[PDB]
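These notes concern the structure reproduced below.
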Amino acid sequence: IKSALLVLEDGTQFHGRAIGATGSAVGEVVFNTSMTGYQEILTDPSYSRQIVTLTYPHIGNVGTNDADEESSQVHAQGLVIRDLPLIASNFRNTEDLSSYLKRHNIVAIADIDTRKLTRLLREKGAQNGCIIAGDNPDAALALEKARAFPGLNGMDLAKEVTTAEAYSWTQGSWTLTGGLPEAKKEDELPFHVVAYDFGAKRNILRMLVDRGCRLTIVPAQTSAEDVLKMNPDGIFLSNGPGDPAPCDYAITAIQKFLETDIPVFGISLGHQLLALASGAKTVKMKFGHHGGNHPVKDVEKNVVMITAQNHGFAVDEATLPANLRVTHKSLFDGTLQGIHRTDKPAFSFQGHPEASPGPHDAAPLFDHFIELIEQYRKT
Amino acid sequence: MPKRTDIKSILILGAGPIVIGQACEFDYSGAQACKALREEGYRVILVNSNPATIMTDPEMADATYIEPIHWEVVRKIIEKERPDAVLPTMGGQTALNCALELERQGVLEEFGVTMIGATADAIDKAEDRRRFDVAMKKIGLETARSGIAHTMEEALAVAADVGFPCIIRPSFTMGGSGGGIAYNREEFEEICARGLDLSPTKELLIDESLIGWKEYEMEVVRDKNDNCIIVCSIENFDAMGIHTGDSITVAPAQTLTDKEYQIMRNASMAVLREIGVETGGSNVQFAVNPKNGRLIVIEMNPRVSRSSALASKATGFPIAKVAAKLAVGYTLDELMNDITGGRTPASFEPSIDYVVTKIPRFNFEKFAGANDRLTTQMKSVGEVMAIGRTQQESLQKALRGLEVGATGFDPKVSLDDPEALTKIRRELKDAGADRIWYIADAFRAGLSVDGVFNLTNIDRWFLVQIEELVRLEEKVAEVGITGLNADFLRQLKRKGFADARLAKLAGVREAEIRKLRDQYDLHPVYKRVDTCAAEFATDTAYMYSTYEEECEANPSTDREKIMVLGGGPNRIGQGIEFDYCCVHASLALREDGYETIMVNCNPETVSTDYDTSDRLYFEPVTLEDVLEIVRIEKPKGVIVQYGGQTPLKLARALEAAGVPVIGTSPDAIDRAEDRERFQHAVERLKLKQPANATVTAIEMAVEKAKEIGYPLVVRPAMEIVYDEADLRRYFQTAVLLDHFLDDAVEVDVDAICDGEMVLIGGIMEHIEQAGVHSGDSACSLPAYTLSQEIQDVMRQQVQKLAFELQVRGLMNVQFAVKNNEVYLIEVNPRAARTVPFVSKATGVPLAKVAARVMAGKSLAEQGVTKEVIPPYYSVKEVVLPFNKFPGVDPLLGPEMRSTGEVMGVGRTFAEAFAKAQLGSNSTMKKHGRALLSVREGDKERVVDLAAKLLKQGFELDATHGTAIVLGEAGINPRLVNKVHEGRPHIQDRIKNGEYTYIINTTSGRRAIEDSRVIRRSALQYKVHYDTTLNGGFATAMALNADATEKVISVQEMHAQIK
Ligand SMILES: Nc1ncnc2c1ncn2[C@@H]1O[C@H](COP(=O)(O)OP(=O)(O)O)[C@@H](O)[C@H]1O
Ligand SMILES: Nc1ncnc2c1ncn2[C@@H]1O[C@H](COP(=O)(O)OP(=O)(O)O)[C@@H](O)[C@H]1O
Ligand SMILES: NC(=O)CC[C@H](N)C(=O)O
Ligand SMILES: NC(=O)CC[C@H](N)C(=O)O
Ligand SMILES: CC[N+](CC)(CC)CC
Ligand SMILES: NCCC[C@H](N)C(=O)O
Ligand SMILES: [Cl-]
Ligand SMILES: [Cl-]
Ligand SMILES: [Cl-]
Ligand SMILES: [Cl-]
Ligand SMILES: [K+]
Ligand SMILES: [K+]
Ligand SMILES: [K+]
Ligand SMILES: [K+]
Ligand SMILES: [K+]
Ligand SMILES: [K+]
Ligand SMILES: [K+]
Ligand SMILES: [K+]
Ligand SMILES: [Mn+2]
Ligand SMILES: [Mn+2]
Ligand SMILES: [Mn+2]
C-alpha cells in the first residue's frame, strides 16, 4: 500500500493513493474540467504553484509523449485525480502516467472524491492545499504546510519561470502525419516577433511560427528599450502563472510600447498585463476558469466560441479606460474575455487561442494579430 | 435571431411503430420536440401511428394524428391542417423518408409547407451514400475505398474491386437495415439483393473492410448563427464491424489523445457544415486506426437518433428539446441550459465527471433459426445504460441492470470443461450477444489480454479492466465471506460488484452480502448529472449511485413520496407500453401533489427524462439498487405493477425487506401468476378453465394427455401438440399440460379495481384466434364479432376475479370463446401492454387513474366509474421483426415475437382495419392475383374468402388440396404446384411477383416445416400474407375501405365521446 493525502486550508482531508513521487506538495488548489489533454495541462507553466485536480475520473488513458509537452517540464505543483488507469492505450504513448510523474518528481494522488473537492472549491472558492505522499502521511503537517502557503494573490510567478537569456523560436505546429516539424530557417519566416516569456506555452510559439513569424523569446524583465532596438514587427505578451499585478517591469515596458505604433497582442496573463498598462484593474476570481468547454462571445460579431480557459485573475470590466474597448465576454459568467485599444494596434484575449489542449475555435485571434503586423509593415 | 414569426403551425413527423433499429428513442425525442415547440407558443401538429407514445398524448399537442404514416395520409393531414412547416428530424428514418416523398410528390409545394430542422437537400446529401462520399472528398475527409451499385451486376463489380470481406450499406436506411458484411460471393449476393430492394433509392454503397478499427461517434449541434458544439463523444467497446447499436458503447471517448480528439471534433463540424445542417443536431460516425490514429469518416445522421438519446441521457443536455427550438429561429446562446438551473446558456460543450456505459439487449432465444452473430445490421431489441464514477463501476452496473439474469460477469463455461477454450475462442472471434461474458471466462481460462485482443479487437484499455475484475473475483472466491472485511468489501463495491455476484463467489445468499454492508455501514452515495462536471450548481435531481464520499441526494422530509419502478431495457414483450404506463403514474401523482421518484435505466425512454419526475434515479432496477434508494428516500409508496416483469419479480423481496409497496399486493399477484394458486381461485369462483395437468415424466403426460384431450398446450417457451405420437416427438426435442381451444376467439380485458368497484377499461377482440399470442394479434375495440351477451359474461367474470384477487389498480384478463362459452386463459393483476392502446381509443388515461387509485383515491373520488364505449372503431395491429432474421419462419404462434404496434381509427371495423394494416407497413394491394393454401379445418371457410377475393376482382391460385375444395364449391382456381410437385411451383411464382396476396394456413409440426418456403418467400418478395383465416377475412373486409379517405385527430376523437 502506497498512501497519499491531500489536505486543504480549511481542514478538509482527502485520502488516497500515491501515483507519483514521494514527498509533499503545496499550492493553490484548482479543478480543470478538460476530459482530454492532461499532459498538456500538467506541462503548462501557468500552473506553477498550483495543485491540479482533474474533474474527468480517468486520467492517463493515453499515457504521455514529448509532442504533448507544452514546456520543458511539469509546472503543476501536484496532481489530484479520481482514477489512474491500469494501462496507457494509445499509439502515441511513450511512457505511462505514473512513470512520467515519478520522472518529473511530481507528488500526485489518486482515488479520491474529486467531485466533492470540485463542488467545494466551486462553492467556497479557491483554497491552498498540501498533498503528502509517503509511508505515513501526517495530516497535521499537511494542514500546517497548506495554511502557511503565502498564496497566489500578489505573487509574481512570471519572473520565476521566465527564460534566463533570450533565444529564437522558429518551430511550427505538430501534425498527425509528420509529427513536430523541424525548426524553420530564419529566411523562411516573413515576420519577426518579440515575445515576452512570462512562462509561455509552446503551442503559442509554434502557431505564431505557423503564421510566418520568426520569434525572439525574451525574459520577462526585458526593458522596452532593449526590445525596440530589435525592430520588432510585432510584440507578443505570453501566458503564465501568478498575479499579473505585481509585475511592475512588464507593465512599465508595455506602456512604452503603447506609445509606439508597434502592434501588441497578448494572451491570458498578457491580456491582463496589457489591461494593467492601459490603466485597467485586475481581480482574483473566486475559483477561476479552468477547462476546455468555455463559451466566449465575440460581442462585435455575436458569435460564440468554445474555448480553453486557464486563469484565476480577471480584468475588471467596470474600471476599463475609455481607450479600452470590450471585444469578448464569457457566456458562462459574464466576465471580461477580450479587449482592444481604440487608439492603438493592441489587443488581447483572456482565453487560449493556441489551445493545446482544447478546441481550436479561438485560433483566429491570431490572424488579427497578423493583420496588424502586415499593416504595420505597410507603414 | 429569436423565434421565427412566419411560422405559427408546425407538423411533426413521428416515427411509427417500434422496430429493431428504430425504437423508443423517438417517442422520447418527439415528446421533447412537441413540448419545446408548444412551450414557445406554436401550433403543434404531429402524426404517429404508434399509440403507446407519450408524444401522441392528446394534451401534448394541438392536433394529434394516430394514422398510418403514408404520404397520402399525411397529405390529407396537411391539407386539413395546413401547417406552415414540417419538422422531419424527430422520427427516425420513417420521418426522413416521408418528408422526402411528400416533397417529391410536390405536396409541400402544394400546401406551402416549409421544411425546418433540416432541408430536403441536406437530408439527401447525408442519406444518399454516393452524395455523402462526394461531400467528404470535397472537404478532404477520408472515407474507405468504396463503389456505388444500383444493380447486382454493378454490385459484383465493386466487390471485385474491394475484395472480401466488404461492407454493404444501402442509401436511405439506418440501423444497418438491408446491409451486412459479405465474406463471400454467396453472402454478397444475398445481402445486396435484400439491400437493393429495401433501399428507398435503390442504391448500395460497398466498402472495403475496416473491421477491427476503433469506432467513434460525436453528437453535434449547430445553429443559424453558425454556432456549433459537441454535446457528446462516444467510443465503441465493440470495434468497427459490429453496428453501433449492437455494440457496447461508452461516453465519453477514452482512448483519444487531445490532439486526435480535436481533429475529430473539427471534422464533425465540417461534416455538418458541408451537408448543410444549420439548425439542429446530427450524429457523426468515425473509424480510427488504433495503430496510427488514421481518421475515416463513416456516415452522418441528419437527425436525432438512438445515440443522441443516449447522449442526452449521458450528459444531461436535452438535444431534441434544444434542436426543436433551433428549428424555429432560436440560437444556442439564446437558450438556457436546463440542468444548471438555466443559469448558463445552451451554447457550450458538456463536461462529465463519470463514465456512461450502454449495453445492447438481444432476444435471439425467440428466433430459434436466426443467425445470432453480431454484424452491421442491428439485431438488438433494446438497451440499458449505467453511470458510474469509474468504467469498471459503470460497466458492472450496466451488466446487472441488463435484465438477462446477470449479476455482473457470471460464467458461461465451466473451468473444468476441456472443451472450454474452444468455445470461448469462438465466442470471442465471432461475437454474439454473450461475448462480454465470454471475455471474462477467457481470462479465467488463462487467456492473455493480448490473446483476447487479437481475437476481439476490443481496446486493451477495456480488456485490462475486465481481467482485473476477474482476478478480484478469484480472491473473493478464495477468501470466502470471511475474508470480506470492510476494507476489501468497500474496494469491491467501488469496482461496481453487485451483492449478488459477491454472494455467488462466496457461496452465500445475496442477503448475506447485503447484511454485511449494513454492518459495515457500507452504502453508496448519489452523485447528480449536471452537464458541467460540477462547475455550476444544479436544481435538478438526476442521480446515480456510486461508492464515494460525498452524497448529493439530499432527500426531502417535506412531501409524501411515491416511487415508480421502470422495466430496464426493453425486450420483446416488455416494451414501451410499460414505460408509457410508468410515465403516466409519475405525471399523474406529481400533478396530484406527490413528490414523484422514477427508478429506471433505459436511455431510450421518456421515463428517464429528467422532466418526467421530481427525482430521477438512473439506476439498475434491482433489489440491491432499489433498496438503497428506499433506504434514504423512505417513500410513502412504491409501484411495482407498471414496469412489466422486471419490477414485478422484485415485489416480494421488496415487501419483505420492508418496502411500502402500494396497489395490488405481492401475494395477490402471486396468487394470479402461480398456476396452482390460480386454478384454485378459478375453481372457487366456479369459472371455466381449460383442462390441465402437471406431468413430470413422458409416459405420465401421454396418459394425462389422453385425459385432457388433444390438441394440447405444453407450457414449460410454448408449443401446441396434436396427437400422442406428436407428444413423444415434442418430448424428444423438449410441465403444464392444457387443452388447446381450437377455433376459439381470443379476448383481452383491461380493468381497474379500487376494492369498492371495478371499472372496465376495455374489451378487445383479437382478430387472430387463441393460439396466436395476444401480443402478436390484431385486435378490435370495441369487439367486432362477439355478442353483447357474451361480452357481459366476461365483464362479469372480470369483476368476480377483481375482488377475489383483491386487485388494487390495473388488471388484465385473457379469455377464449369457444362455442358460445367463455374460458379463462389467465389473469394479469398488473398493467398490461394493451393499456396505452385502450387509453387512446377510449380517451381514459387508465394508467393515471389506476395510479391514483393505488395511491388512495377511489374511482368514485376520481369520477371515473362508467365504462366507455367509443363511437368509433379502434384497431390495433403489430409489427414483427422477421425481416431482421431471415432464417426464421415468419409464422404466428403461441409465443410473442412482435416488437411494436400501430392503431387504426375508423367509422367501421373495416376502415379501422385498413388503417391499422397500412400503418403496419403492409404491402397489400387492392387487385392482382392471390395464392390460397390452407389447412384442413380451414378448407370449409376458405370458400367464402375465395369468393370475397373474387368479388374484389382478384384472380386465384391454389395448391392441390385447396383447389379440390374450391372446385367442389364451384370455384375453380388456377392450379399451382407445391415445390416437390414440379413446375412452376409456388416459390418460382412468388419470386417472379405473380402474387399480390397470400393466404397460407397450416397446422402440425410437419405441415409447418413443410410450408416454410411459402412464408419465407412471401416475406422476402414483399407479398402481404396472412397466416390465419381470421386474418384473411379482415384483410378482405379492409379491401372495401379507403384508409386515405378521412383523417381524425385524437382530440377530435376524444371530443366525440359521451
Ligand atoms: N468500411 C467498414 N469496415 C467495417 N465496418 C464498417 C465499415 N463501414 C461501416 N462499418 C460498420 O457498419 C456499421 C453501419 O454503418 P453505417 O454507415 O453507420 O450505417 P447505418 O446508417 O445503417 O447505421 C457501422 O456502425 C460500422 O461498425
Ligand atoms: N388453453 C389455451 N387454449 C388456447 N389458446 C391458448 C391457451 N393457453 C394459451 N393460449 C394462447 O397462448 C397465448 C399465451 O398464453 P399465456 O398463458 O397468456 O402466456 P403469457 O404469459 O405469455 O401471456 C394466449 O395469448 C393464447 O393465444
Ligand atoms: N493562463 C495564464 O497565462 C495566466 C492566468 C493568470 N495567471 C491567472 O491565473 O489569472
Ligand atoms: N444535491 C443538491 O441538492 C445540490 C444543491 C445545490 N444547488 C448544488 O448544486 O450544490
Ligand atoms: C424503420 C422503419 N421503416 C423504414 C423507414 C421500415 C419498417 C418504415 C417503413
Ligand atoms: N398480426 C400478426 C401479423 C399478421 C400476418 N400478416 C400473418 O397473418 O401472419
Ligand atoms: Cl476522498
Ligand atoms: Cl431504415
Ligand atoms: Cl492505416
Ligand atoms: Cl437469420
Ligand atoms: K479514497
Ligand atoms: K411556409
Ligand atoms: K446517413
Ligand atoms: K474513399
Ligand atoms: K462498434
Ligand atoms: K450511429
Ligand atoms: K390471439
Ligand atoms: K402472463
Ligand atoms: Mn445512419
Ligand atoms: Mn450508423
Ligand atoms: Mn397472456
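Here chain A follows Swiss-Prot, giving residues 2-380 in order.
Going by what the header records, the deposited coordinates were determined by X-ray crystallography, 2.1 Å.
Cβ from N, Cα, C; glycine included.
Same-site candidate for L-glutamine binding, as annotated by Swiss-Prot with A:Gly241, A:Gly243, A:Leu270, A:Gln273, A:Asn311, A:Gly313, A:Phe314, chosen from A:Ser25, A:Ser35, A:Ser47, A:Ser72: A:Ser47. The residues near the L-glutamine site, meaning same-chain residues not in A:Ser47, A:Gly241, A:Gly243, A:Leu270, A:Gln273, A:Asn311, A:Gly313, A:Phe314 whose C-beta sits within 8 angstroms of the mean position of the site's C-beta atoms, are A:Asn240, A:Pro242, A:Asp244, A:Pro245, A:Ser269, A:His312, in sequence order. For the binding-site residues A:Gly243, A:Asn311, A:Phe314, a Cα-Cα cutoff of 10 angstroms around A:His353 (active site) retains A:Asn311. Pairwise Cα distances among A:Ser47, A:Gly241, A:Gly243, A:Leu270, A:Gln273, A:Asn311, A:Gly313, A:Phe314, the recorded L-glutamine-binding residues, top out at 13 Å. Annotated pair A:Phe314 (L-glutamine binding site) and A:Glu355 (active site), C-alpha to C-alpha distance, rounded: 19 Å. Around the Cβ of A:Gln273 (L-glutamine binding site), the number of neighbouring Cβ atoms within 10 Å comes to 30. Separating the Cα atoms of A:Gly313 (L-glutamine binding site) and A:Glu355 (active site) is a whole-number distance of 18 Å. Cα of A:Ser47 (L-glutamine binding site) to Cα of A:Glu355 (active site): a distance of 14 Å. Neighbour density around each Cβ, counted as other Cβ atoms within 10 Å, peaks among the recorded positions A:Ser47, A:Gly241, A:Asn311, A:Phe314, A:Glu355 at A:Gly241. Taken residue by residue with DSSP, A:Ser47 (L-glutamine binding site) is part of a helix.
Residues within less than 8 Å, Cβ to Cβ, of A:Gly243 (L-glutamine binding site) and separated from it by at least 6 positions along the same chain comprise A:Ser49, A:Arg50, A:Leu153, A:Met156, A:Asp157, A:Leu158, A:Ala159, A:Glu161. Sequence-distant contacts of A:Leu270 (L-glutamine binding site), defined as residues of its own chain at least six apart whose C-beta falls under 8 angstroms from its C-beta, comprise A:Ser47, A:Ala159, A:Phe199, A:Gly200, A:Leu238, A:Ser239, A:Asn240, A:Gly241, A:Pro242, A:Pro245, A:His312. Distance from the CA of A:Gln273 (L-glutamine binding site) to the CA of A:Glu355 (active site) is 17 Å.
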